[PDB]
Amino acid sequence: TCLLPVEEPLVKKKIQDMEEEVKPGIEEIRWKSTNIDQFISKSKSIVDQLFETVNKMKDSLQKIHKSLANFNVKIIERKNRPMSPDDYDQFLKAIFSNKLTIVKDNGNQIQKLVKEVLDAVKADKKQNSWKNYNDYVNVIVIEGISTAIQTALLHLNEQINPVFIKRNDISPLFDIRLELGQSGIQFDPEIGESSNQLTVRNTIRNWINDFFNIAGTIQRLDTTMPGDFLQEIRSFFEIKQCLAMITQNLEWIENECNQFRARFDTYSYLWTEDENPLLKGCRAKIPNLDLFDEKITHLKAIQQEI
Amino acid sequence: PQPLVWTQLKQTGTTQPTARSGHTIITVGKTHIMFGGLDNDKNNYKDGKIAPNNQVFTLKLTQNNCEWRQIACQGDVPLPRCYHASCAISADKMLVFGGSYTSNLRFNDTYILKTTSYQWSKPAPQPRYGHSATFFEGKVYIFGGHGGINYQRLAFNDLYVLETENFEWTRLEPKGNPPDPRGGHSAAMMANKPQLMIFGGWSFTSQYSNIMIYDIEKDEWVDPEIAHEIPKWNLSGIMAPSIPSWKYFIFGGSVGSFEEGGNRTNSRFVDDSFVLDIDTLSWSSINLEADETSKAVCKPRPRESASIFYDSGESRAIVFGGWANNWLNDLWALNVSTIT
C-alpha cells in the first residue's frame, strides 16, 4: 500500500522484482535448532533496499507538493495589502519583483526536484516513467499558480462596495485630480486613463497583465522551451474568473465617475463663451447699466457658488 | 476605414446565454442553435459545474429583436457541462466531440443530437480540447488542439477523420511536414477547392497566424502565404466564412507578439475586423471611419462565438457573449455590405 498512492507502474514493476524467496533447502533449516538466519537476512536486505526507495519516493512527493504552497503563501501575503498609488506603486513593482524572485528560487528548486526524481524513479528507461510522473507534477503546478493569482485578483476584488461591513476607501488610495482644461471637464487621471491602456499612460489593467506575467513564468518540464502561461489562461476562465468581477467593478466605478462628471457639467455655467458677444447682445438690447450690474451680481453669486 | 455596419441587438426572455463564451453558434438552414460555453453561478461547486450548462438555446430574431428560449433534450446527455467542444451537423443530426470539463479535464466522447427528435445519442481519437473541427459531409475532420487526460498531453499537429457511415476514426498521414502542434486555431474550408484551411493557432506560449491547406483528394498539405494588412499574431479570433467570394472574416481575438524569450503575456485584445479574400490571399481591414463613431463598435474580445446570419434582410456576421476581457452577454451584428 505504498506504490499505489503514487500510482506508478514503474514501482509496480519494482514490486514484481521484489519477493521473499526461501529455497526448498530452507524448509529443512529450522529443524536444526542451530544458527539458521540466512533467508531472513536475504529477504530483509531486499526489504531494506525497497524501504530506502520508499523514503526517497515519499521525500520527493512531499517536497514537490510543498514547494507549491510557497508560491501561494508568498503571493497572498504580497497582494493582501498593496496600497500602491503610482509611486508606492513604483515601489510595489520591486516588491512584486521579490515575488518573482521567490518564483525563480523555486525554479532553482525545479532543477533540484527533477534531479531528486531522477534518483526517485531509479529507472533505466527513465523517460517512460518520466511521462507518468511529470504529467501529474505539471498539472499540480498549474493548480498552484492558479490558486495564487486567485488570491491576488480576489484581494483587489475586495475593494468595490464601501457598504458591506464598512466603507472601502479606508487607506490612501490612488489620487485623481479634476481640472477645467480648454473650457471643459478634464480628469488628468481620466476614467479611461486609469482604465484602458492608451498612449499617454497605463494603469490598473496593465498592472494586472504584468502581475500575470510575473506569476506565470516558471520553467516547465518536457524540454522546458515553453512556459506555463496558458494553463493559467485556461483555468482562471474555466472556473475562477476573478478578472470578471474586475472588469465589471471597474466599469461600475467608471459609470459612477461619468455620472459625477455630468454632475460637474451641471453647474449651470454657460459654454465659457467670450465676454464680447454676450456684451454685444446686451448692447443691442440697450438696457441701463443696472441690468449689467445685476448680471455681474449673478456672476459674483456664481463665484460664491464655486 | 472601409464599410461596415455594427449593430448591438436586443434580447428577450429570461433564458439568455449571458456571461458566456467558448460556446458554439451552429447554423444549417434556419437551425441557429446555441450549446456549451461557460458561465458562473457562485452558489456552489455543483453550480460552477453546471455553469457551461448543456442547455441548448434557440433564438427567434425579429428586426434585431431576439427572443430566446431553451430547447428540450432527451437521450444520452452527459451529466457535466462542457466548453471548448467541437461540433458538426449532418442535415438533421448535430455531431459533438471533444471539449473538456473545468473541474477534472474530463473530455467528451462523440455525441449527437437529432434535432428533429430533439434527442441525444452517444455514437461512441486523442481525448482533447481546444481543437478545431469541420466536416466534409461524409467525413468529420479534427486537427490540432490540447490533450491532457491522464497523461497531460501537449498541443497537437495530428488530425483525424471520422466516417459517419462507417462510424470509425482514421488517421490522415501528414505528407507536408510544416504543420506544428497547435490549438485554439481557426480551421475552415475553402470553396474554390475542396480543402481545409489552418490559420495559425496556439503553441507553447506562442500564438500563430500562418496558413496551411489540406487537399483531401491528394491527402496532403500546401502552404500559402499572406500579405496586405494581415492580423499578425492572433488567436481566439471571431470567424465567418463567405462562400460566394471565398472571403474569411476575422474579428478581434487574442493578439500580441513577443519573442519566446520574453514572458510576452501581453495578449491585449483588438476590436478590428479583417477579411482574407482567398482567391487573392489578400487580407483587408474592414475597419470604418465613415460611420457615426468608433465607440459604437464592440470592444476587443476573444473566445466569442460567431456565425453568418440574415438580420433585417442581409447576410452579416454575428458576435455573441465572449471575452471582452471577461464576461459578455452582448449580441453584435456586423452587416456585411454590398461586398459579398
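This text goes with the structure placed above it.
Presented here is a report on the structure given in the accompanying data block. (Residues numbered from 1 in each chain as written, not as in the entry; some residues may be left out. Chains lettered and ligands numbered in written order. Part of a larger assembly, values for the part shown. Heavy atoms only, no water. Residues with missing side-chain atoms left out of burial classes, pairs and counts.)

On a plain count of helices and strands, chain B comes out with one helix and 26 strands. Viewed in the frame of its principal axes, chain B has a C-alpha envelope of about 50 × 50 × 40 Å. In chain B, buried positions account for 56% of the 340 residues. Accessible surface, chain B as shown: approximately 14900 Å² in total, 56% of it carbon and sulfur. Charge centroids of chain B, computed over 30 positive and 34 negative side chains, lie 8 Å from each other. (Helix = DSSP H or I, 4+ residues; strand = E, 2+ residues; numbered from the N terminus. Buried < 20%, exposed > 50% of the residue type's maximum accessible area, 1.4 Å probe, protein only. Areas by Shrake-Rupley, 256 points an atom, 1.4 Å probe, with all protein chains shown as cover. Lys, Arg positive; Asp, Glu negative; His and termini not counted. Charge placed at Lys NZ, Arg CZ, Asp CG, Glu CD.)

Counting its regular elements, chain A contains ten helices and two strands. Seen in sequence order, chain A has helices and strands lined up from the N terminus as α-α-α-α-β-β-α-α-α-α-α-α. Expressed as lengths along the three principal axes of its C-alpha atoms, the size of chain A is roughly 140 × 40 × 30 Å. Put simply, of all contacts in chain A between residues at least 6 apart along the chain, 65% involve residues at least 24 apart. (Contact = heavy atoms within 4.5 Å.)

The next subject is unusual backbone geometry. Residues and elements named next belong to chain A. Unlike most non-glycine residues, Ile-286 shows phi in positive territory, near 50°. Locating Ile-286 in the fold gives a position in the loop between α9 (275-285) and α10 (289-305). Residue classification places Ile-286 among the exposed residues on the basis of a relative accessible area of 65%.

Let's shift gears to the interface of chain B and chain A. Between chain B and chain A, the contact holds 23 residues from the first and 25 residues from the second. Here chain B packs against chain A, burying approximately 2300 Å² in sum over the two surfaces, 58% of which is carbon and sulfur. For the chain B face of the interface with chain A, the top three residues by lost area are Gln152(B), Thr265(B) and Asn326(B), together amounting to 23%. On inspection of chain B and its partner chain A, the count reaches zero salt bridges. For the interface between chain B and chain A, the tally reads five residue pairs in polar contact. (Buried area = accessible area lost by both parts, 1.4 Å probe. Salt bridge = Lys/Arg side-chain N within 4 Å of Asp/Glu carboxyl O. Polar contact = N/O pair within 3.5 Å; in protein donor to acceptor, adjacent residues only side chain to side chain.)

With that settled, consider the pattern of salt bridges. Residues and elements named next belong to chain A. Using the criterion set out here, one finds 15 salt bridges over all chains in the structure. We note a salt bridge from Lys-63 to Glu-116, for which the minimum N-O separation is 3.3 Å. Placement of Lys-63 in helix α2 (residues 39-79) and of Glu-116 in helix α3 (residues 88-121) is noted, with a sequence separation of 53 residues between them. An identical accessibility class is assigned to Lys-63 and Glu-116; each is buried.

Moving on to the side chain of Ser171(A). Relative to the assigned elements, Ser171(A) resides in the loop between α4 (126-157) and β1 (178-180). Judged by its relative accessible area of 16%, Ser171(A) is buried.

A separate point is a nonpolar patch on the surface. Residues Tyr267(A), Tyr269(A), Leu270(A) and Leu278(A) make up a contiguous nonpolar surface patch of about 390 Å² in total accessible area. Mapped onto the elements of the fold, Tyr267(A) is located in the loop between α8 (243-265) and α9. (Patch = residues over 30% accessible without salt bridge, like charges linked within 9 Å, V, L, I, M, F, W, Y side chains within 5 Å.)

Residue and element names in this part refer to chain B. Judged by pairing direction, the sheet is antiparallel, and its four strands sit side by side in the order β7-β8-β9-β10 without closing on themselves. For this open sheet the edge positions go to β7 (83-89) and β10 (119-121), each flanked by a neighbour on one side alone. Taking each pair of neighbouring strands and ignoring which way they run, the sheet shows an average axis angle of 25°. Across four bridges, strand β8 (residues 93-100) lies against strand β9 (residues 111-114) in antiparallel orientation. Within β9, the position partnered with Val-96 by the bridge is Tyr-111. (Pairing = 2+ DSSP bridges. Axes fitted to C-alpha atoms, helices over the stretch in contact; angles between N-to-C directions.)

The packing of two helices is summarised by the inter-axis angle and the distance between the axes. Residue and element names in this part refer to chain A. The interhelical angle for the contact between α4 and α8, taken along N-to-C directions, is 20°, at an axis separation of 9 Å. In terms of axis orientation, α4 runs roughly parallel to α8. At the point where α4 passes α8, the crossing takes the left-handed sense. Together, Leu-153, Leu-156 and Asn-157 of α4 and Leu-243, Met-245, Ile-246 and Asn-249 of α8 make up the contact between the two elements. (Parallel < 35°, antiparallel > 145°, perpendicular 65-115°, else oblique. Left-handed = near helix turned anticlockwise from the far one by under 90°.)

As a further point, take the pairing of strand β12 (residues 139-146) of chain B. If a strand is regular, its side chains alternate between the two faces of the sheet. All names here are of chain B. Summarising burial for β12: seven of the eight residues are buried, a large majority. When strand β11 (residues 132-135) meets β12, the two strands line up antiparallel, connected through four bridges. From the neighbouring strand, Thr-134 faces β12, where its bridge partner is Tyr-141. Where β12 lies against strand β13 (residues 155-163), seven bridges are found, and the strand directions are antiparallel. Each bridged residue has a counterpart across the sheet, and for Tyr-141 the counterpart in β13 is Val-161.

Here we take up the nonpolar core. Residue and element names in this part refer to chain A. The biggest cluster of nonpolar side chains holds 39 residues, and the ones touching the most others in it are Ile-75, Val-117, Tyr-133, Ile-145, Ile-149, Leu-153 and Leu-243. Contributions of two or more residues to this core are made by α2, α3, α4, α6 (204-215), α7 (230-240) and α8. Among the elements that line this core, the one with the most residues is α4, at ten residues. When sequence neighbours within four positions are dropped, the list of residues in contact with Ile-75 reads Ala-148, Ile-149, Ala-152, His-155 and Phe-211. (Core = buried A, V, L, I, M, F, W, Y, C linked by side-chain atoms within 4.5 Å.)

Let us look at α8(A). Residues and elements named next belong to chain A. Taking 1.5 Å per residue, 23 residues should reach 33 Å; α8 reaches 33 Å between its end C-alpha atoms and fits that length. For α8, every residue scored as buried is listed here: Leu-243, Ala-244, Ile-246, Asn-249 and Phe-264. Considering only its buried residues, α8 is in contact with α4, β1, β2 (185-187), α6 and α7. (Expected span 1.5 Å × (residues − 1).)

Attention now moves to the sheet that holds strand β18 (residues 220-222) of chain B. Residues and elements named next belong to chain B. Taken together, four strands build an open sheet; the order of strands is β15-β16-β17-β18 and the sheet is antiparallel. A single partner strand is all that each edge strand has here, and the edge strands are β15 (186-190) and β18. Strand-to-strand twist across the sheet, computed as the mean angle between neighbouring axes with direction ignored, equals 30°. Summarising the sheet, β15 and strand β16 (residues 195-199) pair through five bridges and their orientation is antiparallel. Paired with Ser-186 across the strands is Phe-199, a residue of β16.

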